[PDB]
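Below is one structure, written out as structure tokens; comments come after it.
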Amino acid sequence: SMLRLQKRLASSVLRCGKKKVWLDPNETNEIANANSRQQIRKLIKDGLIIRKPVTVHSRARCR
Amino acid sequence: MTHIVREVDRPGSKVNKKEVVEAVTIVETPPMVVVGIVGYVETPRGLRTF
Amino acid sequence: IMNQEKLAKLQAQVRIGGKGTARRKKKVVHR
Amino acid sequence: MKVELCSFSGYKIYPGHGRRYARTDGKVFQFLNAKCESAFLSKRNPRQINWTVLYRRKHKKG
Amino acid sequence: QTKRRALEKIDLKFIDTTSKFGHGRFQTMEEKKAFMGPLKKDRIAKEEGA
Amino acid sequence: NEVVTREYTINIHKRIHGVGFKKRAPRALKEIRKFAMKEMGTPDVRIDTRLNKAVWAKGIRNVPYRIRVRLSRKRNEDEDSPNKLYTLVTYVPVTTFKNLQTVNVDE
RNA sequence: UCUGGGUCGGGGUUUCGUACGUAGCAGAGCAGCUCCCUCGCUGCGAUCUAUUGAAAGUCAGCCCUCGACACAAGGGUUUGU
RNA sequence: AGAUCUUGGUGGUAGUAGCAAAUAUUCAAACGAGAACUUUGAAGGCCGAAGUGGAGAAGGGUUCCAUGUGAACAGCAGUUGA
Ligand SMILES: [Mg+2]
Ligand SMILES: [Mg+2]
Ligand SMILES: [Mg+2]
Ligand SMILES: [Mg+2]
Ligand SMILES: [Mg+2]
Ligand SMILES: [Mg+2]
Ligand SMILES: [Mg+2]
Ligand SMILES: [Mg+2]
Ligand SMILES: [Mg+2]
Ligand SMILES: [Mg+2]
Ligand SMILES: [Mg+2]
Ligand SMILES: [Mg+2]
Ligand SMILES: [Mg+2]
């Protein structure tokens with residue numbers, strides 16, 4: 001269905017922007033059950049929600 | 001189209017007995033094949049296919 | 001154990017994006 | 001059939017092709033195209049242009 | 001056809017046949033081969049097939 | 001046979017020539033889907049995302065001149081669909097496009 | 001059809017101008033290695049040289065293939081003195 | 001029958017003008033009767049810290065957050081929504 005709430009909660013729980021929020025496309029239904037931040041914590045612990053790394057902005061060219 | 005170089009034989013002109021360039025057109029003309037004949041009759045209204 | 005068939009299908013799960021993207025680390029379901 | 005010319009590039013210019021240039025000092029040049037002409041007007045040495053005949057014979061290419 | 005422009009003998013001397021797909025600068029294939037010499041394309045072609 | 005897959009190359013540069021800058025990348029895949037329909041004769045076409053990356057590899061307007069794809073017409077007995085067959089196209093990375101011919105490839 | 005049209009490929013033509021890589025006792029030079037050497041070796045170094053008139057593109061509204069590939073006697077609507 | 005009459009309704013115009021200020025979208029899957037517009041994932045872009053960011057004052061007053069619906073509204077769609 002729609003994961004608008006889950007993405008917002010995952011961004012709030014991980015204290016990162018919605019840009020870096022990543023979800024497992026295959027396990028859509030299990031994540032759709034997450035109606036609380038406590039359940040979000042389980043999904044992160046279960047790895048279904050993953051914080052994407054910071055996009056690379058290297059300063060080697062400047063150096 | 002293309003261009004050529006030829007000798008000019010126009011007396012009294014500045015290009016007489018000289019060399020000039022002239023653009024020419026190449027038109028392919030394979031031989032025709034005749035398949036029919038139509039004759040026309042001269043009516044007071046003009047021409048019509050007899 | 002990680003045999004040829006398991007390593008064949010592991011490449012699908014661990015890859016979540018193209019070149020330059022981070023690799024998937026875990027996938028566990030537990031009740 | 002006419003006089004057959006040579007250019008900045010050293011190439012052979014056929015009749016009806018290119019242009020002819022006459023400077024103030026009296027020297028007369030002919031160019032196969034604009035590219036050979038533009039290089040000449042930019043004051044560039046044809047011995048440093050790889051497709052110029054003068055460069056090829058300078059380095060004995062071929 | 002009365003005027004001297006008409007009824008005037010025409011003799012050809014040279015015809016442009018260069019590549020009109022751009023600034024053509026060779027009338028024939030052979031002169032292009034002669035002027036430019038053997039290229040990399042013909043060098044390998046005569047070397048692979050032997 | 002009705003399940004055979006094949007390898008093709010597409011002159012994207014030829015089929016994009018004349019299209020504006022901000023539409024070159026979308027037109028490439030529209031041509032690709034049309035190209036897939038023309039050969040495999042199946043209106044239902046699926047485009048692999050890796051190939052979609054390959055079209056978008058050099059941005060939106062400098063679309064690669066040629067691409068090498070692998071058409072796969074597969075039996076679509078998955079649900080109630082008017083087409084029994086669907087064409088899945090995949091991107092085949094190549095080092096060069098010289099002397100490449102359309103080859104019949106096994107499954 | 002004595003096949004046809006396509007899609008690639010090849011070739012021709014053309015545009016720009018000599019590709020990456022490799023090598024060079026070429027390189028303003030600079031830094032480490034000298035029982036070493038009797039003038040040397042190992043790194044950095046824009047550029048230059050042979051490869052290399054090379055590399056790339058070339059009909060989508062350029063040309064010729066007989067090389068490869070499948071496809072094409074299929075679909076629908078009408079038309080009578 | 002009028003009074004550029006008053007009120008209410010209905011035409012041609014006409015399926016016409018038009019839906020063009022601020023660069024840009026694409027592929028796959030999911031839900032669904034139905035997806036160019038929803039959700040996720042994968043790209044390519046944009047705002048480029050005097051922002052399309054992060055919080056307020058005035059003002060708005062429940063628009064806030066869930067769950068559900070697809071009657072009307074979001075000048076198209078909407079499985080979405082202030
Ligand atoms: Mg022309
Ligand atoms: Mg070609
Ligand atoms: Mg009245
Ligand atoms: Mg009256
Ligand atoms: Mg009135
Ligand atoms: Mg109008
Ligand atoms: Mg209109
Ligand atoms: Mg508009
Ligand atoms: Mg920017
Ligand atoms: Mg702000
Ligand atoms: Mg309704
Ligand atoms: Mg509407
Ligand atoms: Mg709300």
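Identifiers in the structure tokens: chain A, B, ... in order shown; residue index from 1 per chain; ligand index from 1 in order shown.
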
Sel. of strand (DSSP E) residues, chain D, as a VMD selection string | chain D and resid 5 to 6 12 to 13 19 to 22 28 to 31

Which residues of chain F come within 9 Å of chain G, and for each one, what is the closest pair of atoms and their distance in Å to one decimal, counting only C-alpha atoms (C1' of nucleotides), sorted by chain and residue number, as JSON lines?
{"residue": "F:8", "atom": "CA", "partner": "G:8", "partner_atom": "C1'", "distance": 7.8}
{"residue": "F:9", "atom": "CA", "partner": "G:8", "partner_atom": "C1'", "distance": 6.8}
{"residue": "F:10", "atom": "CA", "partner": "G:8", "partner_atom": "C1'", "distance": 7.8}
{"residue": "F:11", "atom": "CA", "partner": "G:8", "partner_atom": "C1'", "distance": 8.6}
{"residue": "F:13", "atom": "CA", "partner": "G:60", "partner_atom": "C1'", "distance": 8.0}
{"residue": "F:14", "atom": "CA", "partner": "G:60", "partner_atom": "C1'", "distance": 4.6}
{"residue": "F:15", "atom": "CA", "partner": "G:60", "partner_atom": "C1'", "distance": 6.0}
{"residue": "F:16", "atom": "CA", "partner": "G:60", "partner_atom": "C1'", "distance": 7.5}
{"residue": "F:17", "atom": "CA", "partner": "G:60", "partner_atom": "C1'", "distance": 5.5}
{"residue": "F:18", "atom": "CA", "partner": "G:60", "partner_atom": "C1'", "distance": 7.7}
{"residue": "F:39", "atom": "CA", "partner": "G:70", "partner_atom": "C1'", "distance": 7.4}
{"residue": "F:40", "atom": "CA", "partner": "G:70", "partner_atom": "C1'", "distance": 8.9}
{"residue": "F:98", "atom": "CA", "partner": "G:9", "partner_atom": "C1'", "distance": 8.0}
{"residue": "F:99", "atom": "CA", "partner": "G:9", "partner_atom": "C1'", "distance": 5.7}
{"residue": "F:100", "atom": "CA", "partner": "G:9", "partner_atom": "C1'", "distance": 6.3}
{"residue": "F:101", "atom": "CA", "partner": "G:68", "partner_atom": "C1'", "distance": 5.8}
{"residue": "F:102", "atom": "CA", "partner": "G:69", "partner_atom": "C1'", "distance": 5.4}
{"residue": "F:103", "atom": "CA", "partner": "G:69", "partner_atom": "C1'", "distance": 6.9}
{"residue": "F:104", "atom": "CA", "partner": "G:69", "partner_atom": "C1'", "distance": 7.9}

Can I get the selection written as a PDB file, in the first residue's frame, with N, CA, C and O atoms?
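Saved result, part.pdb, follows:
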ATOM      1  N   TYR F   8      20.631  -8.290 -29.720  1.00  0.00           N
ATOM      2  CA  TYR F   8      20.554  -7.254 -30.735  1.00  0.00           C
ATOM      3  C   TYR F   8      21.411  -6.062 -30.340  1.00  0.00           C
ATOM      4  O   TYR F   8      21.733  -5.858 -29.166  1.00  0.00           O
ATOM      5  N   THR F   9      21.778  -5.273 -31.343  1.00  0.00           N
ATOM      6  CA  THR F   9      22.343  -3.952 -31.129  1.00  0.00           C
ATOM      7  C   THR F   9      21.423  -2.925 -31.771  1.00  0.00           C
ATOM      8  O   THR F   9      20.791  -3.190 -32.797  1.00  0.00           O
ATOM      9  N   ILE F  10      21.331  -1.758 -31.145  1.00  0.00           N
ATOM     10  CA  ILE F  10      20.426  -0.704 -31.582  1.00  0.00           C
ATOM     11  C   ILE F  10      21.239   0.550 -31.860  1.00  0.00           C
ATOM     12  O   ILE F  10      22.049   0.968 -31.026  1.00  0.00           O
ATOM     13  N   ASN F  11      21.023   1.143 -33.033  1.00  0.00           N
ATOM     14  CA  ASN F  11      21.615   2.436 -33.367  1.00  0.00           C
ATOM     15  C   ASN F  11      20.740   3.518 -32.748  1.00  0.00           C
ATOM     16  O   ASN F  11      19.880   4.122 -33.395  1.00  0.00           O
ATOM     17  N   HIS F  13      21.695   6.416 -31.760  1.00  0.00           N
ATOM     18  CA  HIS F  13      22.025   7.697 -32.379  1.00  0.00           C
ATOM     19  C   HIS F  13      21.178   7.948 -33.619  1.00  0.00           C
ATOM     20  O   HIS F  13      20.761   9.082 -33.883  1.00  0.00           O
ATOM     21  N   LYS F  14      20.916   6.898 -34.396  1.00  0.00           N
ATOM     22  CA  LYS F  14      20.081   7.051 -35.581  1.00  0.00           C
ATOM     23  C   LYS F  14      18.630   7.327 -35.207  1.00  0.00           C
ATOM     24  O   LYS F  14      17.971   8.162 -35.836  1.00  0.00           O
ATOM     25  N   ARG F  15      18.116   6.644 -34.186  1.00  0.00           N
ATOM     26  CA  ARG F  15      16.710   6.771 -33.825  1.00  0.00           C
ATOM     27  C   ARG F  15      16.430   7.946 -32.898  1.00  0.00           C
ATOM     28  O   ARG F  15      15.261   8.219 -32.607  1.00  0.00           O
ATOM     29  N   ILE F  16      17.463   8.642 -32.428  1.00  0.00           N
ATOM     30  CA  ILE F  16      17.282   9.841 -31.618  1.00  0.00           C
ATOM     31  C   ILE F  16      17.488  11.111 -32.441  1.00  0.00           C
ATOM     32  O   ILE F  16      16.972  12.174 -32.062  1.00  0.00           O
ATOM     33  N   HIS F  17      18.160  11.015 -33.588  1.00  0.00           N
ATOM     34  CA  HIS F  17      18.549  12.162 -34.399  1.00  0.00           C
ATOM     35  C   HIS F  17      17.371  13.067 -34.737  1.00  0.00           C
ATOM     36  O   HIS F  17      16.466  12.672 -35.477  1.00  0.00           O
ATOM     37  N   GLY F  18      17.382  14.286 -34.196  1.00  0.00           N
ATOM     38  CA  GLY F  18      16.325  15.254 -34.407  1.00  0.00           C
ATOM     39  C   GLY F  18      15.478  15.555 -33.187  1.00  0.00           C
ATOM     40  O   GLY F  18      14.611  16.435 -33.264  1.00  0.00           O
ATOM     41  N   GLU F  39      10.524  -6.547 -33.606  1.00  0.00           N
ATOM     42  CA  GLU F  39      11.155  -7.836 -33.872  1.00  0.00           C
ATOM     43  C   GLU F  39      10.403  -8.982 -33.206  1.00  0.00           C
ATOM     44  O   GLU F  39       9.908  -9.889 -33.883  1.00  0.00           O
ATOM     45  N   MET F  40      10.304  -8.958 -31.880  1.00  0.00           N
ATOM     46  CA  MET F  40       9.709 -10.073 -31.152  1.00  0.00           C
ATOM     47  C   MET F  40       8.201 -10.177 -31.333  1.00  0.00           C
ATOM     48  O   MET F  40       7.630 -11.216 -30.987  1.00  0.00           O
ATOM     49  N   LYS F  98      32.152  -2.906 -32.991  1.00  0.00           N
ATOM     50  CA  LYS F  98      32.606  -3.235 -34.334  1.00  0.00           C
ATOM     51  C   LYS F  98      32.385  -4.711 -34.638  1.00  0.00           C
ATOM     52  O   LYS F  98      32.649  -5.579 -33.802  1.00  0.00           O
ATOM     53  N   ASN F  99      31.893  -4.984 -35.850  1.00  0.00           N
ATOM     54  CA  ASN F  99      31.751  -6.344 -36.379  1.00  0.00           C
ATOM     55  C   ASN F  99      30.849  -7.211 -35.503  1.00  0.00           C
ATOM     56  O   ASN F  99      31.079  -8.411 -35.346  1.00  0.00           O
ATOM     57  N   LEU F 100      29.814  -6.606 -34.927  1.00  0.00           N
ATOM     58  CA  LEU F 100      28.839  -7.338 -34.131  1.00  0.00           C
ATOM     59  C   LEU F 100      27.605  -7.627 -34.973  1.00  0.00           C
ATOM     60  O   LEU F 100      27.027  -6.714 -35.571  1.00  0.00           O
ATOM     61  N   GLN F 101      27.202  -8.891 -35.011  1.00  0.00           N
ATOM     62  CA  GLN F 101      26.026  -9.321 -35.749  1.00  0.00           C
ATOM     63  C   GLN F 101      24.977  -9.849 -34.782  1.00  0.00           C
ATOM     64  O   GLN F 101      25.293 -10.322 -33.688  1.00  0.00           O
ATOM     65  N   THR F 102      23.717  -9.750 -35.195  1.00  0.00           N
ATOM     66  CA  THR F 102      22.612 -10.248 -34.384  1.00  0.00           C
ATOM     67  C   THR F 102      22.721 -11.762 -34.270  1.00  0.00           C
ATOM     68  O   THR F 102      22.591 -12.478 -35.268  1.00  0.00           O
ATOM     69  N   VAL F 103      22.959 -12.255 -33.059  1.00  0.00           N
ATOM     70  CA  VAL F 103      23.254 -13.661 -32.822  1.00  0.00           C
ATOM     71  C   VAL F 103      22.086 -14.309 -32.094  1.00  0.00           C
ATOM     72  O   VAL F 103      21.494 -13.713 -31.187  1.00  0.00           O
ATOM     73  N   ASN F 104      21.747 -15.526 -32.508  1.00  0.00           N
ATOM     74  CA  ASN F 104      20.761 -16.331 -31.801  1.00  0.00           C
ATOM     75  C   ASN F 104      21.439 -17.001 -30.613  1.00  0.00           C
ATOM     76  O   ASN F 104      22.397 -17.761 -30.788  1.00  0.00           O
TER      77      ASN F 104
END

Within 12 Å of ligand 3, counting only C-alpha atoms (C1' of nucleotides) and all ligand atoms, residues as a PyMOL selection string | chain H and resi 1-3+5-6

Please produce a file of the residues just selected, as a PDB file, in the first residue's frame, where the atoms kept are C-alpha atoms (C1' of nucleotides).
ATOM      1  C1'   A H   1     -41.987  43.358 -27.518  1.00  0.00           C
ATOM      2  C1'   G H   2     -39.398  46.835 -26.344  1.00  0.00           C
ATOM      3  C1'   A H   3     -37.691  51.085 -21.718  1.00  0.00           C
ATOM      4  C1'   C H   5     -36.271  47.387 -18.501  1.00  0.00           C
ATOM      5  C1'   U H   6     -36.395  43.635 -13.137  1.00  0.00           C
TER       6        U H   6
END

For residue 62 in chain G, please output as a ChimeraX atom specification all residues within 10 Å (counting only C-alpha atoms (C1' of nucleotides); exclusion window: fewer than 6 positions along the same chain).
-> /E:20-21 /G:13-14

Now that the selection is made, can you save its residues with N, CA, C and O atoms (P, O5', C5', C4', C3', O3' and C1' of nucleotides) as a PDB file, in the first residue's frame?
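And here is the file that came out, again_11.pdb:
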ATOM      1  N   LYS E  20      30.326  15.215 -53.475  1.00  0.00           N
ATOM      2  CA  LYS E  20      29.483  16.342 -53.110  1.00  0.00           C
ATOM      3  C   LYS E  20      28.898  16.198 -51.715  1.00  0.00           C
ATOM      4  O   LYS E  20      28.172  17.091 -51.265  1.00  0.00           O
ATOM      5  N   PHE E  21      29.201  15.097 -51.028  1.00  0.00           N
ATOM      6  CA  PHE E  21      28.811  14.886 -49.636  1.00  0.00           C
ATOM      7  C   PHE E  21      29.800  15.587 -48.702  1.00  0.00           C
ATOM      8  O   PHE E  21      30.359  15.005 -47.775  1.00  0.00           O
TER       9      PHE E  21
ATOM     10  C1'   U G  13      32.158   8.934 -49.033  1.00  0.00           C
ATOM     11  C3'   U G  13      34.118  10.098 -49.642  1.00  0.00           C
ATOM     12  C4'   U G  13      33.870   8.976 -50.631  1.00  0.00           C
ATOM     13  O3'   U G  13      34.700  11.237 -50.246  1.00  0.00           O
ATOM     14  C5'   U G  13      35.071   8.133 -50.971  1.00  0.00           C
ATOM     15  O5'   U G  13      35.710   7.647 -49.802  1.00  0.00           O
ATOM     16  P     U G  13      36.717   6.417 -49.880  1.00  0.00           P
ATOM     17  P     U G  14      35.946  11.965 -49.546  1.00  0.00           P
ATOM     18  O5'   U G  14      35.280  12.816 -48.379  1.00  0.00           O
ATOM     19  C5'   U G  14      34.195  13.688 -48.648  1.00  0.00           C
ATOM     20  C4'   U G  14      33.385  13.959 -47.408  1.00  0.00           C
ATOM     21  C3'   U G  14      34.147  14.540 -46.231  1.00  0.00           C
ATOM     22  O3'   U G  14      34.339  15.938 -46.346  1.00  0.00           O
ATOM     23  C1'   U G  14      32.767  12.770 -45.486  1.00  0.00           C
TER      24        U G  14
END

Could you list, as a PyMOL selection string, every residue of chain C that has an atom within 9 Å of an atom of chain H, counting only C-alpha atoms (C1' of nucleotides)?
-> chain C and resi 16-18

Selection file, N, CA, C and O atoms, as a PDB file, in the first residue's frame:
ATOM      1  N   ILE C  16      21.850  -4.008  -3.320  1.00  0.00           N
ATOM      2  CA  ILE C  16      20.658  -3.171  -3.286  1.00  0.00           C
ATOM      3  C   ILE C  16      20.760  -1.992  -4.230  1.00  0.00           C
ATOM      4  O   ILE C  16      19.803  -1.213  -4.340  1.00  0.00           O
ATOM      5  N   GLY C  17      21.888  -1.829  -4.912  1.00  0.00           N
ATOM      6  CA  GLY C  17      22.065  -0.719  -5.826  1.00  0.00           C
ATOM      7  C   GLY C  17      23.277  -0.955  -6.698  1.00  0.00           C
ATOM      8  O   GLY C  17      24.008  -1.936  -6.536  1.00  0.00           O
ATOM      9  N   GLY C  18      23.487  -0.032  -7.630  1.00  0.00           N
ATOM     10  CA  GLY C  18      24.578  -0.154  -8.574  1.00  0.00           C
ATOM     11  C   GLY C  18      25.938   0.166  -7.991  1.00  0.00           C
ATOM     12  O   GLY C  18      26.143   0.077  -6.777  1.00  0.00           O
TER      13      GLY C  18
END

Residues of chain E within 7 Å of chain B, using only C-alpha atoms, as a PyMOL selection string?
-> chain E and resi 11-16

Take the residues just selected and output them with N, CA and C atoms as a PDB file, in the first residue's frame.
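Saved as selection.pdb:
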ATOM      1  N   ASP E  11      31.628  21.913 -76.602  1.00  0.00           N
ATOM      2  CA  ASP E  11      32.614  20.856 -76.431  1.00  0.00           C
ATOM      3  C   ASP E  11      33.070  20.845 -74.981  1.00  0.00           C
ATOM      4  N   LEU E  12      33.048  19.669 -74.366  1.00  0.00           N
ATOM      5  CA  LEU E  12      33.441  19.534 -72.975  1.00  0.00           C
ATOM      6  C   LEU E  12      34.949  19.364 -72.853  1.00  0.00           C
ATOM      7  N   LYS E  13      35.497  19.877 -71.756  1.00  0.00           N
ATOM      8  CA  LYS E  13      36.902  19.680 -71.427  1.00  0.00           C
ATOM      9  C   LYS E  13      37.084  18.880 -70.149  1.00  0.00           C
ATOM     10  N   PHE E  14      36.457  19.301 -69.056  1.00  0.00           N
ATOM     11  CA  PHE E  14      36.624  18.643 -67.772  1.00  0.00           C
ATOM     12  C   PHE E  14      35.317  18.730 -67.001  1.00  0.00           C
ATOM     13  N   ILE E  15      35.002  17.669 -66.264  1.00  0.00           N
ATOM     14  CA  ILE E  15      33.758  17.567 -65.511  1.00  0.00           C
ATOM     15  C   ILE E  15      34.097  17.285 -64.056  1.00  0.00           C
ATOM     16  N   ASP E  16      33.528  18.077 -63.151  1.00  0.00           N
ATOM     17  CA  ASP E  16      33.735  17.848 -61.728  1.00  0.00           C
ATOM     18  C   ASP E  16      33.003  16.587 -61.289  1.00  0.00           C
TER      19      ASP E  16
END

Would you name the residues within 10 Å of ligand 10, counting only C-alpha atoms (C1' of nucleotides) and all ligand atoms, and put them as an MDAnalysis selection string?
-> chainID H and resid 49 51 53:55

For the residues in the current selection, export N, CA and C atoms (P, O5', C5', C4', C3', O3' and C1' of nucleotides) as a PDB file, in the first residue's frame.
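Wrote again-v3.pdb, looks like this:
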ATOM      1  P     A H  49      23.622  28.319  -1.045  1.00  0.00           P
ATOM      2  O5'   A H  49      22.592  27.680  -0.017  1.00  0.00           O
ATOM      3  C5'   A H  49      21.492  28.434   0.478  1.00  0.00           C
ATOM      4  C4'   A H  49      21.649  28.731   1.945  1.00  0.00           C
ATOM      5  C3'   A H  49      22.879  29.561   2.300  1.00  0.00           C
ATOM      6  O3'   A H  49      22.589  30.451   3.374  1.00  0.00           O
ATOM      7  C1'   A H  49      22.999  27.444   3.375  1.00  0.00           C
ATOM      8  P     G H  51      17.372  32.499   0.563  1.00  0.00           P
ATOM      9  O5'   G H  51      17.856  31.649  -0.690  1.00  0.00           O
ATOM     10  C5'   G H  51      18.570  30.433  -0.506  1.00  0.00           C
ATOM     11  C4'   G H  51      17.858  29.274  -1.148  1.00  0.00           C
ATOM     12  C3'   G H  51      16.368  29.181  -0.833  1.00  0.00           C
ATOM     13  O3'   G H  51      15.693  28.616  -1.954  1.00  0.00           O
ATOM     14  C1'   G H  51      17.450  27.235  -0.070  1.00  0.00           C
ATOM     15  P     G H  53      11.688  24.568   1.628  1.00  0.00           P
ATOM     16  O5'   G H  53      13.029  24.064   2.319  1.00  0.00           O
ATOM     17  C5'   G H  53      13.459  22.722   2.168  1.00  0.00           C
ATOM     18  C4'   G H  53      14.584  22.394   3.112  1.00  0.00           C
ATOM     19  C3'   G H  53      14.254  22.464   4.592  1.00  0.00           C
ATOM     20  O3'   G H  53      13.578  21.318   5.072  1.00  0.00           O
ATOM     21  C1'   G H  53      16.249  23.631   4.203  1.00  0.00           C
ATOM     22  P     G H  54      12.375  21.482   6.122  1.00  0.00           P
ATOM     23  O5'   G H  54      13.104  21.881   7.479  1.00  0.00           O
ATOM     24  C5'   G H  54      14.013  20.985   8.098  1.00  0.00           C
ATOM     25  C4'   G H  54      14.744  21.630   9.246  1.00  0.00           C
ATOM     26  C3'   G H  54      13.886  22.300  10.304  1.00  0.00           C
ATOM     27  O3'   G H  54      13.277  21.395  11.204  1.00  0.00           O
ATOM     28  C1'   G H  54      15.649  23.736   9.732  1.00  0.00           C
ATOM     29  P     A H  55      11.790  21.687  11.737  1.00  0.00           P
ATOM     30  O5'   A H  55      11.869  23.381  12.387  1.00  0.00           O
ATOM     31  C5'   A H  55      10.783  23.828  13.039  1.00  0.00           C
ATOM     32  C4'   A H  55      11.226  24.814  14.117  1.00  0.00           C
ATOM     33  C3'   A H  55      10.126  25.805  14.484  1.00  0.00           C
ATOM     34  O3'   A H  55       9.379  25.204  15.494  1.00  0.00           O
ATOM     35  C1'   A H  55      12.016  26.889  13.742  1.00  0.00           C
TER      36        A H  55
END
